[PDB]
Amino acid sequence: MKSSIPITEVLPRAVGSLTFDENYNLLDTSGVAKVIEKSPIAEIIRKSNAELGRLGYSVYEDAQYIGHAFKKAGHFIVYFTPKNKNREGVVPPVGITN
């Protein structure tokens, strides 16, 4: 029901974005991600690193916003969406894992 949603959708739908390093160190904080806490996100980023590839796995679900981790160019970025539940007529493929 959550689904790992592609960045092409999550990027524009996001209202906050956290740029982390591969050492799980916070580099940049933008958008609502500034008022959102970073406490448990690093641990979920690594977990999601194994889980996802180019899709956004929800790492931080709050009553206000929901953050999704993405594998970026040599870095990890978490895009926070305002519980975006509108216009979900797009399905993300489970992956070509064969």
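Derivation of every value follows stated rules applied to the coordinates shown; laboratory data play no part. All Cβ positions, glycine included, derive from the backbone under ideal geometry; neighbour counts span all protein chains shown.
Odds and ends about this structure:
- Any chance residue 23 is under 22 Å from residue 1 (Cβ atoms) and among the polar types (S, T, N, Q): no
- Selection over region 60-98 of residues that are out of contact with any strand residue (DSSP E or B) (no Cβ under 7 Å at 6 or more places or on another chain), closer than 16 Å to residue 43 by Cβ and of a type in the set (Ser, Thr, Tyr) gives a count of 0.
- If the condition is being touching a helix residue (DSSP H, G or I) at 6+ places or on another chain (Cβ under 6 Å) and of a type outside the set (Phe, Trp, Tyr), then region 48-67 contributes 56, 59.
- In the chain, counting only strands (runs of 3 or more DSSP E) that sit wholly within it, the ones holding 3 or more residues that are surrounded by 15 or more Cβ atoms within 10 Å (Cβ to Cβ) and in contact with a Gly (Cβ under 8 Å, 6 or more places away or on another chain) span 16-20, 55-61, 66-72, 75-81.
- Of the set (1) of a type outside the set (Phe, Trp, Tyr); (2) more than 22 Å from residue 91 (Cα to Cα); (3) in contact (Cβ under 8 Å) with a residue 12 or more places away in the chain, all apply to residue 54 but (2).
- For region 1-38, the tally of residues that are within 10 Å of residue 77 (Cβ to Cβ), touching a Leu at 6+ places or on another chain (Cβ under 7 Å) and of a type in the set (S, T, N, Q) stands at 1.
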